[PDB]
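Q: Take this structure first; my questions come after.
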Amino acid sequence: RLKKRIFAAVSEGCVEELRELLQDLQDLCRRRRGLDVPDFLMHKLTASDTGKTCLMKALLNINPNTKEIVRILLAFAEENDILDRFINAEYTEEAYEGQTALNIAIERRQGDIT
Amino acid sequence: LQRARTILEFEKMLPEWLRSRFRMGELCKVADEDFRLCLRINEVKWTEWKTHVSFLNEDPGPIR
């Protein structure tokens, strides 16, 4: 009930809804036993059926406030130190295998987010 | 126009249970509770460049 709300707030442009859900991700991992915290937080942002992350979902759905949404997601992945695995993720299905977030940002003609 | 009149006169002849098998189109969820039985045409355009909104599907490839 947490993962489905993050993908919904990102696709529609909800700024304050998205930021409230990110503090609950820190609070849910804090009470965790804590073995593979950088591995645990990745499968809470990656759809296990397709491989799509939440940064890919923001760039496919261009909003009038999508430039500030990307800044919030990068500052979250910087604090918990999975910024390399978050910005370099790939699809796993055969139809889109190898597509990253930079292929999506160039195709939407975004000169600033690139 | 002369071939189109030949196509249609063949279609009034064959029975009702044949017209369901050779029926054109596919049901498409356009909006909330709206199914319209549309027909798909592909297109390549190189002149007007723009960013894409107002699409029905995010994933571009043919799904089945």
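Labels used: A, B, ... for chains in the order of the structure tokens, numbers from 1 for residues in each chain, and numbers from 1 for ligands as shown.
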With a distance cut-off of 12 Å and only C-alpha atoms, select the neighbouring residues of segment 29-37 of chain B, excluding the residue or stretch itself and same-chain residues fewer than 6 positions from it, and output the selection as a compact mmCIF listing (two decimals) with C-alpha atoms, in the first residue's frame.
A:
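Result went into selection.txt, see below:
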```
# COMPACT_ATOMS: atom_id res chain seq x y z
CA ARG B 23 -15.23 -8.42 -38.02
CA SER B 54 -2.17 12.84 -24.48
CA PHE B 55 -1.19 9.22 -25.14
CA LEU B 56 -3.23 6.24 -23.96
CA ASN B 57 -0.31 3.90 -23.24
```
Q: For segment 6-11 of chain B, work out the shell of residues within 12 Å, counting only C-alpha atoms and skipping chain neighbours fewer than 5 positions away, then give it as a list in words.
A: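 The contact residues come out as residues 1, 16, 17, 18, 19, 20, 22 and 23 of chain B.
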Q: Could you save the residues just selected, with N, CA, C and O atoms, as an mmCIF file, in the first residue's frame?
A:
```cif
data_model
loop_
_atom_site.group_PDB
_atom_site.id
_atom_site.type_symbol
_atom_site.label_atom_id
_atom_site.label_comp_id
_atom_site.auth_asym_id
_atom_site.auth_seq_id
_atom_site.Cartn_x
_atom_site.Cartn_y
_atom_site.Cartn_z
ATOM 1 N N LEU B 1 -13.836 2.868 -56.537
ATOM 2 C CA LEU B 1 -15.264 2.957 -56.255
ATOM 3 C C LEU B 1 -16.016 1.785 -56.869
ATOM 4 O O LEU B 1 -17.040 1.346 -56.339
ATOM 5 N N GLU B 16 -24.966 -14.425 -40.731
ATOM 6 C CA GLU B 16 -24.696 -13.623 -39.540
ATOM 7 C C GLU B 16 -23.526 -14.183 -38.742
ATOM 8 O O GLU B 16 -22.768 -13.426 -38.127
ATOM 9 N N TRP B 17 -23.349 -15.505 -38.752
ATOM 10 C CA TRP B 17 -22.280 -16.088 -37.950
ATOM 11 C C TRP B 17 -20.940 -16.037 -38.677
ATOM 12 O O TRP B 17 -19.902 -16.364 -38.093
ATOM 13 N N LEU B 18 -20.938 -15.631 -39.949
ATOM 14 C CA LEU B 18 -19.672 -15.374 -40.629
ATOM 15 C C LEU B 18 -19.209 -13.939 -40.412
ATOM 16 O O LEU B 18 -18.010 -13.651 -40.480
ATOM 17 N N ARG B 19 -20.147 -13.022 -40.164
ATOM 18 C CA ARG B 19 -19.780 -11.616 -40.030
ATOM 19 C C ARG B 19 -19.159 -11.331 -38.670
ATOM 20 O O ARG B 19 -18.501 -10.301 -38.486
ATOM 21 N N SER B 20 -19.361 -12.224 -37.703
ATOM 22 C CA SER B 20 -18.692 -12.073 -36.418
ATOM 23 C C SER B 20 -17.237 -12.508 -36.506
ATOM 24 O O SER B 20 -16.379 -11.963 -35.805
ATOM 25 N N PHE B 22 -15.240 -12.425 -39.325
ATOM 26 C CA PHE B 22 -14.484 -11.495 -40.151
ATOM 27 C C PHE B 22 -14.712 -10.043 -39.756
ATOM 28 O O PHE B 22 -14.711 -9.169 -40.629
ATOM 29 N N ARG B 23 -14.926 -9.770 -38.474
ATOM 30 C CA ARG B 23 -15.227 -8.419 -38.025
ATOM 31 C C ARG B 23 -13.936 -7.643 -37.758
ATOM 32 O O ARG B 23 -12.950 -8.174 -37.242
#
```
Q: Residues of chain A within 10 Å of chain B: nearest atom pair and distance (Å, one decimal) for each, counting only C-alpha atoms, sorted by chain and number, as a tab-separated table?
A:
```
residue	atom	partner	partner_atom	distance
A:57	CA	B:58	CA	9.2
A:60	CA	B:58	CA	7.1
A:61	CA	B:53	CA	7.6
A:62	CA	B:53	CA	7.4
A:63	CA	B:53	CA	9.4
A:95	CA	B:61	CA	7.0
A:96	CA	B:61	CA	8.3
A:107	CA	B:51	CA	8.0
A:108	CA	B:51	CA	5.2
A:109	CA	B:51	CA	6.1
A:110	CA	B:51	CA	8.4
```
Q: Rounded to one decimal, what separation in Å do you get between atom CA of residue 3 of chain A and atom CA of residue 52 of chain A?
A: 12.5 Å
Q: To test your reading of the structure, identify every residue in chain B that backbone DSSP assigns to strand (DSSP E), and report it as number ranges by chain.
A: B: 29-31, 34-35
Q: Just to be explicit: take each residue in the selection above, keep N, CA, C and O atoms, and write the result as a PDB file, in the first residue's frame.
A:
```pdb
ATOM      1  N   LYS B  29     -10.161   0.550 -24.213  1.00  0.00           N
ATOM      2  CA  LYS B  29     -10.556   1.371 -23.069  1.00  0.00           C
ATOM      3  C   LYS B  29     -10.028   2.782 -23.289  1.00  0.00           C
ATOM      4  O   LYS B  29      -8.872   3.105 -23.007  1.00  0.00           O
ATOM      5  N   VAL B  30     -10.905   3.639 -23.811  1.00  0.00           N
ATOM      6  CA  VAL B  30     -10.526   5.024 -24.069  1.00  0.00           C
ATOM      7  C   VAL B  30     -10.471   5.820 -22.772  1.00  0.00           C
ATOM      8  O   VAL B  30      -9.456   6.453 -22.457  1.00  0.00           O
ATOM      9  N   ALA B  31     -11.549   5.795 -21.998  1.00  0.00           N
ATOM     10  CA  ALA B  31     -11.618   6.544 -20.753  1.00  0.00           C
ATOM     11  C   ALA B  31     -12.280   5.666 -19.704  1.00  0.00           C
ATOM     12  O   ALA B  31     -12.373   4.446 -19.856  1.00  0.00           O
ATOM     13  N   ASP B  34     -15.676   3.574 -21.187  1.00  0.00           N
ATOM     14  CA  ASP B  34     -15.865   3.980 -22.574  1.00  0.00           C
ATOM     15  C   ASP B  34     -15.084   3.025 -23.462  1.00  0.00           C
ATOM     16  O   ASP B  34     -13.852   3.037 -23.456  1.00  0.00           O
ATOM     17  N   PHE B  35     -15.801   2.197 -24.220  1.00  0.00           N
ATOM     18  CA  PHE B  35     -15.206   1.227 -25.130  1.00  0.00           C
ATOM     19  C   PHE B  35     -15.812   1.446 -26.507  1.00  0.00           C
ATOM     20  O   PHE B  35     -17.037   1.423 -26.649  1.00  0.00           O
TER      21      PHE B  35
END
```
Q: If you count only C-alpha atoms, which residues fall within 12 Å of residue 47 of chain A, apart from same-chain ones fewer than 4 positions away, as a list in words?
A: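 Non-adjacent residues within range: residues 3, 4, 6, 7, 42, 43, 51, 52, 53, 54, 55, 56, 57, 89, 90, 91, 92 and 93 of chain A.
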Q: Figure out the distance between atom CA of residue 41 of chain A and atom CA of residue 22 of chain A, please, to one decimal in Å.
A: 11.0 Å
Q: Please compute the atom CA of residue 45 of chain A-atom CA of residue 88 of chain A distance, one decimal, in Å.
A: 13.3 Å
Q: Show which residues sit within 10 Å of residue 40 of chain A, as JSON, numbers by chain. Count only C-alpha atoms, and ignore same-chain residues fewer than 6 positions away.
A: {"A": [29, 32, 34]}
Q: Just to be explicit: take each residue in the selection above, keep N, CA, C and O atoms, and write the result as a PDB file, in the first residue's frame.
A:
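Dumped to out.pdb:
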```pdb
ATOM      1  N   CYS A  29      12.490   1.611   7.111  1.00  0.00           N
ATOM      2  CA  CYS A  29      13.781   0.930   7.053  1.00  0.00           C
ATOM      3  C   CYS A  29      14.550   1.091   8.358  1.00  0.00           C
ATOM      4  O   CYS A  29      15.510   0.355   8.617  1.00  0.00           O
ATOM      5  N   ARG A  32      13.771  -1.795  10.548  1.00  0.00           N
ATOM      6  CA  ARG A  32      14.195  -3.042   9.933  1.00  0.00           C
ATOM      7  C   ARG A  32      15.400  -3.610  10.689  1.00  0.00           C
ATOM      8  O   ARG A  32      16.117  -2.893  11.395  1.00  0.00           O
ATOM      9  N   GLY A  34      18.062  -4.665   9.315  1.00  0.00           N
ATOM     10  CA  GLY A  34      19.160  -3.886   8.781  1.00  0.00           C
ATOM     11  C   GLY A  34      20.289  -4.652   8.131  1.00  0.00           C
ATOM     12  O   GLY A  34      21.446  -4.236   8.261  1.00  0.00           O
TER      13      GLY A  34
END
```
Q: Counting only C-alpha atoms, figure out which residue out of A:17, A:5, A:98, A:38 gets nearest to residue 81 of chain A.
A: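 Closest to residue 81 of chain A, using only C-alpha atoms: A:38.
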Q: Which residues are close to residue 39 of chain B, i.e. within 10 Å by only C-alpha atoms, leaving aside same-chain residues fewer than 5 positions away? Reply as a PyMOL selection string.
A: chain B and resi 24-28
Q: Give the answer as one residue: which of A:28, A:75, A:37, A:69 has the shortest atom-to-atom distance to residue 10 of chain A, using only C-alpha atoms?
A: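 When distances to residue 10 of chain A are compared using only C-alpha atoms, the smallest one comes from A:69.
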Q: Which of these, A:94, A:105, A:59, A:25, has the shortest distance to residue 44 of chain A once you count only C-alpha atoms?
A: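 Nearest to residue 44 of chain A: A:25.
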